[PDB]
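Below: one structure, written as structure tokens.
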Amino acid sequence: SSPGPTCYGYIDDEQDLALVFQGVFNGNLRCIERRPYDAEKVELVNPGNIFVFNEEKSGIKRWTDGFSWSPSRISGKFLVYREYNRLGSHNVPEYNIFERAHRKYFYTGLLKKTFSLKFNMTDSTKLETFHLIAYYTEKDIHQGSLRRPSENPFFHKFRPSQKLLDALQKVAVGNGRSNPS
DNA sequence: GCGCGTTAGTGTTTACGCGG
DNA sequence: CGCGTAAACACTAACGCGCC
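As numbered in the deposited numbering, residues 1 to 89, 96 to 127, 130 to 189 make up the first sequence, in order.
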């Protein structure tokens, strides 16, 4: 079934995030308003797919796509997860194969990164929570087949308000020590 | 539909590695 | 130390099974 991604591309840094969020605040980019159905979940997971949803307005606090994910790792201010399956007995790279006893599993190459932003949206300081989910693949990192919002003319009009930029820099995960090259 | 035990998503906490 | 990685752990939403 048919509601789809909020936009298409790849998120690398806060500038990419800011454009997507601003695009959502303006109303050009449509957020997810309800949890996907079981059959809708299978389609979510396509590379380049980006989803944004308001926690309060949608009732979604945790995003579920029905796939198998590794434990969370930190990459800057993002959380990253890796999809894994079990073997047959078709072949895959050695390093991508592991074995949680007793059975043997492998990493597919599909990846998910997440980001949460708490941001004022009227008077007072009641805060709404915006969730961002982005799917991509290792392969798309080599080929560079996915477009970043910040290098995509479509997002240019979504130039971020300073309040958004400030809110984004205030964000941290675990110890604030994660900082990949 | 509802109750209830299990799994999983989202982080925090704690531990590991190393330049110099 | 200061910087950066990465595994362990804790919380509980969300799932899914039984019901028959």
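Just so you know, even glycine gets a beta-carbon here, dropped at the ideal spot from N, CA and C.
My output table needs one value for residue i: the three-state DSSP class, helix, strand or coil.
i	result
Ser153	coil
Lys41	helix
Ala142	strand
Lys61	coil
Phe112	strand
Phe51	strand
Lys77	coil
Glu105	coil
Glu56	helix
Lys118	strand
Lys134	coil
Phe163	helix
Report all residues from its chain with a CB closer than 6 angstroms to the CB of residue i; omit the five preceding and five following residues, and keep chain order.
i	result
residue 90	For the chain, the structure lists 89 followed at once by 96, and that leaves residue 90 out of the model.
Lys41	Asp65 and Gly66
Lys110	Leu87
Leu29	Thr6, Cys7 and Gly23
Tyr113	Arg82, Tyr84 and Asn102
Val181	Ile74 and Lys77
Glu56	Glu136
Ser89	none
Looking at the ligand GTP, does it come within less than 7 angstroms of residue i, judged from the CB to the closest heavy atom?
i	result
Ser2	With respect to the ligand GTP, the structure offers nothing, as it holds no ligand at all.
Use the C-beta contact count for residue i: other C-beta atoms within 10 angstroms, 16 or more gives buried, fewer gives exposed.
i	result
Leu123	buried
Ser158	buried
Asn97	exposed
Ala142	buried
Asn26	exposed
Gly9	buried
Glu105	exposed
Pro36	buried
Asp16	buried
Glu100	exposed
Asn183	exposed
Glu33	exposed
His139	buried
Check for me: the alpha helix (DSSP H) holding residue i runs from which residue to which?
i	result
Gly23	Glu14 to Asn26
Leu172	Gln170 to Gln177
CB-CB under 7 angstroms to residue i, same chain, minus the five flanking residues each way: which ones, in chain order?
i	result
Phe163	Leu19, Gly23 and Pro157
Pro168	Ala18, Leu19 and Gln22
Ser132	none
Suppose the cutoff is 8 angstroms on Cβ atoms and the five residues either side in sequence are ignored; what does the same chain contact list for residue i look like?
i	result
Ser75	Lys119, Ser186 and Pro188
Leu117	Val80, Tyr81, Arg82, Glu83, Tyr143, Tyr144, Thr145 and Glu146
Between which two residues does the beta strand (DSSP E) holding residue i run?
i	result
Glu159	Note, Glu159: premise wrong, no beta strand (DSSP E); not H, not E.
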